[PDB]
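Shown next as structure tokens: one chain only, the form deposited in one PDB entry.
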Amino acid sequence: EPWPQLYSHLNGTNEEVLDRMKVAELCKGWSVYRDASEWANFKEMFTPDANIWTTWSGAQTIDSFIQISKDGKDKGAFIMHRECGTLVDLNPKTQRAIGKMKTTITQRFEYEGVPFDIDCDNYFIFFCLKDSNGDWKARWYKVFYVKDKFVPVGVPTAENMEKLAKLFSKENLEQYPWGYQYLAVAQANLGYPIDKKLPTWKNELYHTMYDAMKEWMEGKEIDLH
């Protein structure tokens, strides 16, 4: 049982419901605003000093992230996020919340003229707090990478099959944590360095992640670097 301490997460008073609604909206802002490059909308999700971790970015502040994202546009980074289940753990005494947003990362790549997707199921974790004005903001963001897969875009062909089986060979896959191996191979081939100390549902960092989430709910200071 990774979450034995229960906070406000179902039912509750109207204020608690509304706070959980507002934090869920904040989290979904990643799927809605980042995919569409609605950058003012996106930046409103975060504290001014917020820190983000991604596969290809590693660690970033929020405008570090915004502009390395905008530069992802021209050298062919095409990433989308299907939101598929969002709920919130809320501590009204500390005004702290954890947003748990399940997503599929779907990234569209091209290898030797063949288009394909990599699809990675995961949990985005948003560490949120009310700022001095009563507005929820995300101070930290990190991802549990759960499972991933290769996805053809066109009808398969034996030609394309054997060209792609070369890049997604085992030897290239195992050098990355089980959970985001296909994503890592594909993004490496695009030329990004991979942050390989990212949490999955198989490795050490799982527990590190949940520990941070628990300390966050209790009102404590954390550091996700």
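Just count from 1 along the sequence shown to find any residue number.
Although it is not shown, the form solved in complex with a small molecule is what the next lines describe.
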> All three of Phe65, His81 and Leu183 touching the small molecule in the entry with it bound at 4.5 Å, heavy atom to heavy atom?
Replying inline: yes
> Which residue, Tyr33, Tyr176, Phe168, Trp56, has a heavy atom that falls within 4.5 Å of the small molecule in the entry with it bound?
Replying inline: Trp56
>> Just to confirm, with a 4.5 Å cut-off on non-hydrogen atoms, which of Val114, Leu129, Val146, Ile105 contacts the small molecule in the entry with it bound?
In response: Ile105
>> Residue-level question: is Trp136 within 4.5 Å of the small molecule in the entry with it bound, judged on heavy atoms?
In response: no
> Heavy atom to heavy atom, is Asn160 within 4.5 Å of the small molecule in the entry with it bound?
Replying inline: no
> Hey, in the entry with it bound, does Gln187 get a heavy atom within 4.5 angstroms of the small molecule?
Replying inline: yes
> in the entry with it bound, does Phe124 have a heavy atom within 4.5 Å of the small molecule?
Replying inline: yes
